[PDB]
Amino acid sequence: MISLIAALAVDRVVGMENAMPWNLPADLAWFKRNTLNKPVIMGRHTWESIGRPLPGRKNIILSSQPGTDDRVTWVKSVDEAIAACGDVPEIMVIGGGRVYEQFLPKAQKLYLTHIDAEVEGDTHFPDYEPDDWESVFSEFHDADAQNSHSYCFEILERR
């Protein structure tokens, strides 16, 4: 199946011009846990943000131009991205906004982190129609000495 993973501020905000104004190591650990040993599909702006290949995962970058880094795989369409993943139990779509919108209609699972933060952003997670999604796991954590904001992990499945 296809899954999306994202961290959402209030108002579904996922990105802005610069890095997001939060320090959330427990969320990063969650991201790493849920993506290791799976292929990850991302857009070019997300690739540039991350700044390097994510280790232990097949990295697939969407761009309409030829690749500029021979360490990862570069594709020019949603279908080509999916084919490049091969025969796996779970493909992870890791953003950003333009990519999440394209893959949400194909997805069977969402891994969301809801962060209690107000951030004016320019990039949003797509609207996910309630009738089409069921929540299967939730876990709340408060802000603390190592995490700047409170964070609630959720996993939803399509219905």
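So that there is no doubt, residue numbering starts at 1 and follows the sequence shown.
The mean Cα B-factor in the deposited entry runs higher for 50-58 than for the other of 50-58 and 32-40.
The stretch 123-131 shows the higher mean C-alpha B-factor when 108-116 is compared against 123-131 in the entry. When the C-alpha B-factors of 13, 19, 145, 136 are read from the PDB record, the largest value belongs to 136. Among the modelled residues of the chain, residue 1 sits in the highest third by CA temperature factor in this PDB entry.
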